[PDB]
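The next block holds one structure in the form of structure tokens; read it before the comments.
Neighbour counts run over all protein chains shown; Cβ positions are idealised from the backbone, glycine included. Laboratory data are not the source of any read-out in this text; all were calculated from the coordinates shown.
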Amino acid sequence: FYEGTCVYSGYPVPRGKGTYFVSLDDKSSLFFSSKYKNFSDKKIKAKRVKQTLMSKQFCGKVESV
Amino acid sequence: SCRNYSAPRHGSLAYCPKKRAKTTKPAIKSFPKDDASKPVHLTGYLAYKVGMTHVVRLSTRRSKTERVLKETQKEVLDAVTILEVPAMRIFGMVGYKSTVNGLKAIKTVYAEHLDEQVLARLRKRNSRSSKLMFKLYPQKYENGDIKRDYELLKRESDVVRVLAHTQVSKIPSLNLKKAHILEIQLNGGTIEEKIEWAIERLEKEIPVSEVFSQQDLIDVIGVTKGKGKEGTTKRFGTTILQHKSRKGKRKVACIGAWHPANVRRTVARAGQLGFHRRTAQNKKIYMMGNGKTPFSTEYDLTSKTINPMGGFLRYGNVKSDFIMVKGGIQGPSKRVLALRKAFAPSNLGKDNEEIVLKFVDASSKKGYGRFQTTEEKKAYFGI
Amino acid sequence: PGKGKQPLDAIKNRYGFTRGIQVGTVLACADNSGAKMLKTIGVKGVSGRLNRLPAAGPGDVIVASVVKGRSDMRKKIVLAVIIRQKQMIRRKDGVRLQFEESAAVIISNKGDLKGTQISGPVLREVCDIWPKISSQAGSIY
RNA sequence: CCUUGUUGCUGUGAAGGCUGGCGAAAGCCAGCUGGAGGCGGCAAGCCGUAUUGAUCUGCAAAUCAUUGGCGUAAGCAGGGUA
RNA sequence: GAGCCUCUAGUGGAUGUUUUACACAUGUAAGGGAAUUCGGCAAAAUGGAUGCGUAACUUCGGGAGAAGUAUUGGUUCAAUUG
RNA sequence: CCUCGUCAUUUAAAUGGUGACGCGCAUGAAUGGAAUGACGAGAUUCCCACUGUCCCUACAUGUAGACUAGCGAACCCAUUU
RNA sequence: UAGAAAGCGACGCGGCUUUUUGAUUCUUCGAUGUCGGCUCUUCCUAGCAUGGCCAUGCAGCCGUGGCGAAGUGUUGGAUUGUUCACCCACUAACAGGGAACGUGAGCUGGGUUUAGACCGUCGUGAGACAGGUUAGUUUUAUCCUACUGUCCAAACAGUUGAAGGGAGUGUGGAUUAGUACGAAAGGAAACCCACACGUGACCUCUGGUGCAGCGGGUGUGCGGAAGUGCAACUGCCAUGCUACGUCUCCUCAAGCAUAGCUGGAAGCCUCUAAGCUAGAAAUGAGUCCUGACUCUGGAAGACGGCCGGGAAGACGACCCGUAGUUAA
């Protein structure tokens with residue numbers, strides 16, 4: 001069982017962990033931890049954070065769609 | 001003059017004086033009422049605290065008067081504690097007699113062969129002994145002293161209890177070579193039946209499945225975590241004083257009036273906190289199982305043991321039988337606890353409901369645990 | 001129970017969430033009635049203990065005064081329902097939520113809404129105990 | 001009262017001066033030069049507002065920390081004399 | 001001749017123990033933001049230089065750094081103080 | 001003095017602040033009277049920003065403190081408490 | 001609305017209290033720190049809410065007068081140095097008091113009440129004024145006793161229970177039900193579920209903290225790079241600790257006020273004179289914490305130090321290990 005997939009990191013989230021953040025734009029979004037939520041606020045682009053699943057796919061280190 | 005505004009007291013006087021417990025192992029001091037109408041059964045056991053995890057269960061509990069047509073079912077997430085319970089071994093019995101001064105012990109009778117683990121409790125320092133402990137007692141079997149002893153117990157007794165020890169050698173993480181010994185009461189039938197039932201079982205092993213089953217309510221007796229000497233702010237919960245005060249803010253400001261000219265026992269003072277005996281009533285058994293047989297739910301079709309990835313932090317892996325119970329339990333990992341059948345049955349609706357599990361969490365307790373098995377980790381990373 | 005000025009006739013069950021909004025808090029108004037900012041002066045249902053400030057969560061009814069809005073409406077006392085909150089909440093299923101900004105919506109003594117449209121997202125649990133809010137909210141979470 | 005010692009860095013830009021424009025005149029407007037003041041921000045120093053802070057069998061029969069006021073001058077100081 | 005870091009030249013002892021509570025010098029804090037208290041006391045916030053833009057009143061000197069806003073590192077070039 | 005004077009404004013709420021009014025217990029003209037600018041570590045009220053002052057406390061650092069070696073006092077004292 | 005007495009009760013008369021202010025001067029002038037607030041505990045009842053009842057000018061809803069009862073509650077703010085007062089908001093309700101006008105080697109220092117200075121009124125003046133205004137140093141426990149924990153009196157293993165402590169309180173929703181009851185308008189009465197305050201524990205989750213660990217930049221040192229000192233800044237974060245997180249909290253017996261049964265005195269009557277029944281958040285027990293004197297058992301050796309650890313800790317004490325799934 002999973003809670004979902006983290007918006008910023010790309011990481012799958014275990015049941016009973018993480019949090020949803022809801023913006024006034026009306027969108028609901030899931031984050032793995034406080035670490036990656038804060039990186040969003042500070043406008044760090046995910047592709048530069050080299051341990052993320054997003055970054056690894058973009059570089060072609062991991063096979064993706 | 002009367003004080004300006006009303007407020008409640010700080011802390012409960014039901015637990016004063018709050019002194020330190022004498023030793024770490026508790027005796028069950030009170031047992032539920034006997035009933036001659038039922039078969040002979042045991043009333044308690046010993047267990048070791050492993051650690052905590054969480055589960056998801058299905059529920060359908062709602063007000064009987066709620067007008068909603070549909071049989072609504074809902075997921076609930078709950079925290080649980082795991083206890084390890086290897087089989088205890090029976091090694092003797094005691095009879096008691098009722099007097100104007102309460103119960104008094106008449107005689108104690110021991111098995112012919114006793115184990116190294118139990119003899120080790122009788123000496124103080126383990127590695128320095130001549131081991132001439134019980135070596136002359138076996139003659140009493142030849143002499144018929146045992147047969148005279150049983151006669152006296154059977155003739156003159158009101159209450160009968162067995163002596164049992166735990167097999168510490170099965171739990172290596174304890175670093176312990178002396179067994180723990182507990183006296184457990186027998187309820188049901190007559191004195192004669194109780195004595196015969198006991199005699200049949202000296203030297204043998206009783207599994208936990210004799211005493212308890214799933215969904216049962218039980219009482220847990222233990223000693224809490226220790227916290228050393230502490231001030232009034234933490235020991236009794238009193239408020240911190242004004243920020244600009246000299247001579248300290250973390251204290252009770254006024255400790256009495258002029259008369260009486262002494263301090264009352266009801267005022268808060270600094271001292272020992274933690275390491276006290278406490279009993280938790282009516283906790284419910286969610287599951288019973290074994291540390292090395294995998295299990296599954298109707299919904300989670302993975303097959304896994306209770307052990308999380310990397311084990312419980314300062315314990316490792318469960319190997320013997322285990323019980324799982326709702327909520328938190330006294331003391332740190334590795335402490336001994338006493339389990340008892342509930343003293344009286346509960347009327348509350350939250351207690352008497354069924355339990356149906358759909359998921360149990362097995363992720364790592366060190367750091368953020370993000371996989372349920374080694375197969376998932378090997379699949380997420382390469383190769 | 002209905003006592004004093006501005007009594008409430010339509011009592012409902014509380015949920016036990018954390019209480020992010022307390023006396024002194026200024027918060028936005030989400031409806032189209034013409035108020036813009038509300039200043040919290042009291043909470044319904046609070047019996048109080050020494051030294052503690054009264055506090056509320058989603059679903060609770062607050063007493064407030066109108067500190068920004070149209071001229072006819074300012075410096076008057078009004079009732080409102082809390083629809084979202086910036087402090088974190090835990091559902092009984094174990095899910096946790098957090099919104100970007102807190103807000104409330106104005107009601108009558110009988111529990112009827114003052115306006116006709118509500119800006120932005122609203123918490124699901126509120127729509128379970130205040131059914132009229134479901135009709136005119138932006139999105140439900 | 002007599003004889004001596006002690007002004008480093010910066011801001012603002014008075015009087016006086018030179019060009020260019022406007023005006024019938026009188027004298028108005030720009031840009032630059034010049035460097036006044038018990039005039040501003042600071043340093044070395046001199047002082048003593050707050051914390052009713054520390055200390056109160058003190059380091060000390062009046063001290064210490066942070067925070068403050070003035071610092072191109074009815075400013076601070078040694079010796080001789082009344 | 002500020003604070004911070006170095007060269008020349010000069011420098012130091014009531015012993016061991018990881019050491020509860022309460023202190024005295026300091027750090028950080030979800031949501032709320034003076035509700036605290038006689039009283040925002042204490043703390044936080046603002047901060048240098050460059051440009052844009054600056055009110056009432058006034059003894060016409062001032063107010064004025066009014067207020068309010070934007071920019072600032074490394075590298076490689078043009079141009080010569082912009 | 002009566003007095004927390006009356007009316008307006010500031011707050012949800014004003015023994016406070018500012019604006020008006022005046023038979024003023026007992027205002028008033030170098031015993032100096034009245035209206036402003038620039039300047040106060042002077043007294044007082046409000047707004048914006050800001051915050052552990054507070055709701056409601058939690059965790060961590062240095063130095064003392066506990067225990068130990070060497071050195072080694074005083075206030076006070078009819079005392080049986 | 002009839003009517004002394006549902007509720008009131010003129011004109012008169014008898015008491016109790018010490019929480020108001022007087023009256024008096026017995027104790028202290030080789031010194032008993034003086035108003036208010038903050039903090040914290042206990043007691044009283046003349047009962048505001050919450051529980052059981054009786055009367056009614058008690059239809060129902062809301063009330064009003066009385067009885068046994070002190071277990072649990074009685075709040076957040078604006079002006080003011082205030083106790084007091086007066087308003088706003090919430091509430092089941094926002095009752096009234098005592099303990100050297102409780103509480104300064106517990107704090108604070110706004111008021112009053114030393115020495116500076118302004119104003120008004122009084123005085124020829126020096127000066128006065130329970131008139132107004134502003135600035136004005138809060139010392140010391142290391143003694144005895146109390147109180148809170150700690151060891152010994154009490155070898156080791158298993159227990160017993162004398163006596164002392166004590167804990168859960170309240171609100172709402174749904175259903176009965178738009179029912180009974182009332183001309184109508186209006187409008188009640190268990191069980192179950194949600195919550196708040198209080199109590200005791202716990203870290204699986206989520207916040208917080210950053211001592212161990214990994215990274216980044218500014219000024220200046222070790223010829224450069226690499227490894228790094230000092231001034232200190234900064235992003236993440238194990239274990240642990242913590243609340244803004246999670247779990248927790250009823251059952252008997254004897255009986256108060258009352259309302260009843262049988263029943264004489266007193267052939268009738270009658271709750272009482274003997275006897276019996278129902279009876280409160282109150283009382284006494286159990287479940288919960290502390291643990292006096294005891295009781296049962298094993299064996300010619302036992303136990304303490306020294307050495308090494310922690311789940312325990314101020315120091316002692318407690319839990320453990322020493323030729324082994326021992327340590328490095």
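Descriptive notes on the structure:
- Yes/no for B:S6 being within 16 Å of RNA strand F (Cβ to nearest atom), within 14 Å of chain C (Cβ to nearest Cβ) and either within 25 Å of the chain's Cα centre (by Cα) or not aliphatic (A, V, I, L, M) (or both): yes
- Applying the condition of being part of a loop (DSSP other than H, G, I, E, B) and more than 14 Å from chain B (Cβ to nearest Cβ) to segment C:94-112 and asking which residue is nearest to A:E3 (Cα to Cα) yields C:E100.
- Scan segment A:4-60 for residues that are in a loop (DSSP other than H, G, I, E, B), farther than 21 Å from B:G369 by Cβ and within 13 Å of chain C (Cβ to nearest Cβ) and the total you get is 5.
- Cβ-Cβ contacts under 9 Å between residues 6 or more apart (or on different chains), taken from a first residue in segment C:130-141 that is within 16 Å of A:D26 (Cβ to Cβ) and at the interface with chain A (Cβ under 10 Å from one of its Cβ atoms) to a second residue that is part of a strand (DSSP E or B) and hydroxyl-bearing (S, T, Y), are listed as C:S139/A:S28; C:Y141/A:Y20; C:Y141/A:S28.
- B:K247 free of Cβ contacts under 8 Å to residues at least 12 places away in the same chain and over 18 Å from the mean Cα position of the chain (by Cα): yes
- Among the residues of segment C:113-141, those identified as under 21 Å from C:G34 (Cα atoms) and part of a helix (DSSP H, G or I) are C:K132, C:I133, C:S134, C:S135.
- Scope segment B:254-265; condition surrounded by 10 or more Cβ atoms within 10 Å (Cβ to Cβ) and more than 16 Å from RNA strand E (Cβ to nearest atom); matching residues: B:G256, B:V263
- Selection status of B:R155, more than 14 Å from chain C (Cβ to nearest Cβ), more than 10 Å from RNA strand G (Cβ to nearest atom) and of a type in the set (K, R): yes
- Where helices (runs of 4 or more DSSP H) sit wholly within segment B:145-253, those with at least 3 residues that are among the hydrophobic types (A, V, I, L, M, F, W, C) and more than 16 Å from RNA strand E (Cβ to nearest atom) occupy B:145-155, B:191-199.
- Looking only at segment B:248-300, and only at residues there that are within 14 Å of chain A (Cβ to nearest Cβ) and closer than 30 Å to B:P86 by Cβ, the one that is farthest from RNA strand G (Cβ to nearest atom): B:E298
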